[PDB]
């Protein structure tokens, strides 16, 4: 266990850059997703040093099966990697399970909250700039996703956090269904090699 944990950490450190926040986007709807394969992806992310992982599907299947997914993550976070409540708390802090309502519907919700403050004479329309709106998005204190792994045949983000993916690198794999560590890590070195010029 101390060997497998050390190896995955050295793997993450060997890359030119690591994502602080990764998104997992599943587009395949021809079958119920494989919880054991999603959990392996999540556990690899944590073991290589990625702080946050967002799991997403446009049908909300993962959101309606939150407990089964977390339980699968916890199980595989043992066996691999070798205080249960501490392990539970540390996965709830690192793993967000998202559905479409966390994108556009959440931006609308922030707009409602802000506009009611204007209605109460506590804010003005001009008080809302880019960074202010990001502050009340419902995803505050968490960084934007640097890397999204999109699995399946749909060439679309399918509603995944449109505000947050402004600079996200999008890497596509054909399927998550029997995903291997080597395939996952191949995507990591693709992100490590990408060059972001930020408009300059």
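In this text, the rigid core denotes the largest set of C-alpha atoms whose superposition between the two forms falls within 1.5 Å. Residue numbers count along the first chain shown, from 1.
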* Which of 135 to 143 and 66 to 74 strays further in 6 other deposited structures of this protein - Cα RMS after rigid core alignment -> 135 to 143
* Count up the deposited residues without coordinates from residue 82 to residue 83 and drop the result into none, 1 to 3, 4 to 9, or 10 or more. => 4 to 9
* To do: Compare the mean C-alpha B-factor of 30 to 38 with that of 44 to 52 as given in the PDB entry, and name the stretch with the higher value.
  => 30 to 38
* Structure fact -> The stretch whose C-alpha atoms carry the larger average B-factor in the entry, 59 to 67 or 128 to 136, is 128 to 136
* Options 97, 110, 118, 73 - largest CA temperature factor per the record -> 118
* Third of the chain, ranked by Cα B-factor, where residue 153 sits -> middle
* **Chain-wide C-alpha B factor ranking for residue 142, given as lowest, middle or highest third** => highest
